[PDB]
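Undergrad: Going left to right, the sequence shown walks through residues -4 to -1, 1 to 21, 23 to 42 as the authors' numbering numbers them.
All C-beta atoms, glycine included, are put in the ideal place defined by N, C-alpha and C.
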Amino acid sequence: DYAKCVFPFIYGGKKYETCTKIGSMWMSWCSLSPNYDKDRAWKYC
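(1) Could you tell me the distance, in whole angstroms, from the CA atom of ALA38 to the CA atom of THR14?
(2) Determine the DSSP secondary structure at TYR33, reduced to helix, strand or coil.
(3) Quick one, which of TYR33, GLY9, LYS40 has its alpha-carbon nearest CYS27's?
(4) Pick helix, strand or coil for residue 44, following the three-state DSSP scheme.
(5) CB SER30 to CB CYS42, shorter than 9 Å?
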């Protein structure tokens, strides 16, 4: 996929694969573009 979830991706330079709560709320999110760095590279999961 290239508009839903690629992986592996780089959350703000943290690196991740599947979704990730990262301290969210009983859930998590996924990264759209490969590198995240905050470049609208995600969506909540």
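TA: Quick look at the numbers:
(1) Walking along the sequence shown from the start, residue 38 turns up at place 41. Walking along the sequence shown from the start, residue 14 turns up at place 18. Going from the Cα of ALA38 to the Cα of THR14 covers about 14 Å.
(2) Taking the sequence shown and counting its residues from 1, the one referred to as residue 33 is at position 36. Three-state DSSP puts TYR33 in coil, outside helix and strand.
(3) Taking the first residue of the sequence shown as 1, we reach residue 27 at position 30. Taking only the C-alpha atoms, the option nearest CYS27 is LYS40.
(4) The chain is shown from -4 up to 42; residue 44 falls before or after that span and cannot be answered.
(5) Residue mapping note: residue 30 aligns to position 33 of the sequence shown, counting from 1. Residue mapping note: residue 42 aligns to position 45 of the sequence shown, counting from 1. Not a contact, by the Cβ cut-off of 9 Å.
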